[PDB]
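Note sheet for the following structure.
Cβ atoms come from the backbone with ideal geometry, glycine included; neighbour counts cover every protein chain shown. We did not get these values from a lab; they are worked out from the coordinates using the rules stated.
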Amino acid sequence: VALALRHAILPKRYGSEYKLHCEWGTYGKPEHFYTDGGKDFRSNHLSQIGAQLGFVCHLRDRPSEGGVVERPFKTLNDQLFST
DNA sequence: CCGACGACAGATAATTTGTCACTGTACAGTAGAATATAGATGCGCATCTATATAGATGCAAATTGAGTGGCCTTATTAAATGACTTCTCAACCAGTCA
């Protein structure tokens, strides 16, 4: 989770061996971070990251509330990985 | 004259393609993993074997010292040297003489 956070927050660079034709020009710091109840997220380490970055950790009430995280995963099975 | 079939042209739904709106369903930590077997290979330990004896013994020459057995001219004389044996070893009285 700490590694996913820094890759999300920082400006992104990829070399030509990725053959990208548009830029992932996406960066900057969240105000809030919303998650399932896994021990990665409900942890002192993410609490300390959140307090130092100033973002608030929030808990997902059901799997069916977080479809914005979950649904990237079916699309990738259907558009990428099954092929 | 009446009926049937082919040429050419004309109109038409089936077929295929495209577009558009509504929808069932997967995203939700998760099958590489557990549990037998045979079959080959390697290290360890025991259980023999075959060689290698030097010490002891028996025996058979090879002298070696120590025995034993068999074969031989003689009688007189003389001298020389070395020995043995035997015998003997009185003392004063009586008759002359310068």
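State, as an integer percentage, the relative contact order of chain A based on alpha-carbon contacts under 8 Å between residues 6 or more apart.
Relative contact order here is 26 percent.
Taking H placed 1.01 Å from N in the peptide plane, check which residues at least 5 places from residue A:36 or on another chain put their amide H under 5 Å from its amide H.
A:60
Using a basic spin-label model with each label point 7 Å from the Cα along Cα→Cβ, how many nm lie between residue A:53 and residue A:32?
1.6 nm
So, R0 is 35 Å and r is the distance between the beta-carbons of residue A:45 and residue A:24; what FRET efficiency does that work out to, to 0.05?
0.85
Scattering from the C-alpha atoms of chain A alone, worked out with Debye: what is log10 I(q)/I(0) at q = 0.17, 0.22 1/Å?
Results for chain A at q = 0.17, 0.22 Å⁻¹ read -0.92, -1.18.
Helix-only estimate, please: 222 nm mean residue ellipticity of chain A, summing -39500 (n - 2.57) across DSSP H runs of length 4 or more and dividing by its residues, to the nearest 500.
-9500 deg cm²/dmol
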